[PDB]
Structures are given as C-alpha cells and as structure tokens.
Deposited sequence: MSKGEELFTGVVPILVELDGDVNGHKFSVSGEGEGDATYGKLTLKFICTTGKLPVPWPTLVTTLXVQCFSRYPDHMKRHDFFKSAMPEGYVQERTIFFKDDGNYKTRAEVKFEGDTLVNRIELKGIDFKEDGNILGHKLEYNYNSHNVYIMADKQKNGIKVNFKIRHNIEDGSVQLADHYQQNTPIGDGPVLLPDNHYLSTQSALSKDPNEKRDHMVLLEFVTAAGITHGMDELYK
C-alpha cells in the first residue's frame, strides 16, 4: 500500500533530540539508514552539546519502528508504515525502577526521501547517585520484545515492554516503557491485532571518533500472528 512502498529499499535516517534530565540539558544528532526488507537499522549518534549526561543505552528506545520487518502475512498489522509519509507522533513514559522517569514526544515522518525522527525528552526525579545519573550502566543492550495493540480511540496503537539495562555490578536496571503512537495525517492507517516486535541491538564505538557518541546496529521483526 501507500506507506509500505516507501520502505522497499534502503532509506536514509536522521534523528534529532533535545533533552533535559534533572536540569542537565543536552542534544543528540543521529544519521544512518534503515532497510525494512531486513528489519535492519544502522546509525551513529553524537552528543552535539558535549558530554551526554545519562548513559547512551538509556536513550536507545527513544532514538523509528517503521523499519521493522513485517512478514508478508502480517503486512496488514503494520501501523508504522501505513501512517507514512505524513507520519505519526510517538509518545512514551519510561519508568526506571527505583529512580526517575523519562517522558518523550517525537514526530516521525519523511522530509523528502529521508525518514526523520524529531524528539524532545524530559527526565525528572532521578537520583544523582543512581544508575543513570551515576553512569553505572554497561555499554550494551539485551534482546527484547515490544508488545503492540490497536488503540481505536486515537486511531493509533498502544505499546508496552520492559527493558533491562545491565548494571556494572552484574545487576539489572529495569526501565518500564509505556508508548502511544497516533497518526499525523488524517488518512487511513492499519490498526493491528495484538502482536510483537522481536528486537536485537549491538552498541559499538567509532575508533576514530573523539566526540561522545554511539554506533548502533539493530534488527527488528514483527511476530506473534499465525
């Protein structure tokens, strides 16, 4: 259909986020490409304001599920691509167990041939000595599932999942994700039956990059139907 054809090949991606966590203001700019045919994403993010005030892994989910690979038989449940090119607003509240929360609002949409994700993040109630502001999280990311449900009231979807970040001492920092996506245009979108996205992510560093940054390779596949 409409949006779906915009993802048949490799699409360039731009990500711009402005954040404020406990008063620590920062910005991150990202660039890369997505190839939905393979549920594949490759991007490099840079903190353009200097040092990132929270650990990079805590920003991964915030930093374009329209690139998820939907098996042919599940194509009718792909809300993400169906809202394109006009796009969707993506909002979340991320609860870090025993610590603060992030609230985010982003607009995902095409600007020409480029898929753009513009984000504002607001973090409050974090402990200065916690795992986030205290930077006690490992620079890695575990595989996880993203649960999707239709939200006919908003002509969008509701999304929930849990992320477990690894703490340096071997423990785990849980981050409970509550998400809502609603179309920007007023055209029809595909409202899905309940299903999930299986995600895998690898974090690395560019050996020649001296700015605070994050290189990310990610694979995402929808599943859970027939």
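- Missing C-alpha coordinates mark the following deposited-sequence intervals, in order: 1, 65, 229 to 236.
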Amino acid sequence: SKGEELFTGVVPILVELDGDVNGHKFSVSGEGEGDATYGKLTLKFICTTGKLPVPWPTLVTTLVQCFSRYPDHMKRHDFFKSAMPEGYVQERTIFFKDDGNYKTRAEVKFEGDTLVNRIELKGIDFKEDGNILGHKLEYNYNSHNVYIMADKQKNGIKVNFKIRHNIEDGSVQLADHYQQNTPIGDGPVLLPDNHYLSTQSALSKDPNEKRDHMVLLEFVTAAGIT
From here on, numbers count along this sequence of modelled residues.
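- Higher mean CA temperature factor between 204 to 212 and 19 to 27: 204 to 212, per the PDB entry.
- Stretches compared: 173 to 181, 191 to 199. Higher mean C-alpha B-factor in the entry: 191 to 199.
- When the C-alpha B factors of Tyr147, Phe96, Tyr88, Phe110 are read from the deposited coordinates, the top value falls at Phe110.
- Ranked by Cα temperature factor within the chain, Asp72 sits in the highest third according to the deposited record.
- When the modelled residues of the chain are ordered by their C-alpha B factor, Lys154 lands in the highest third.
- Remark: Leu43 belongs to the middle third of its chain, ranked by C-alpha B-factor as recorded.
- Placement of the Cα temperature factor of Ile13 within the chain: middle third of the modelled residues, per the deposited record.
- For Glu33, the recorded CA temperature factor ranks within the lowest third of the chain's modelled residues.
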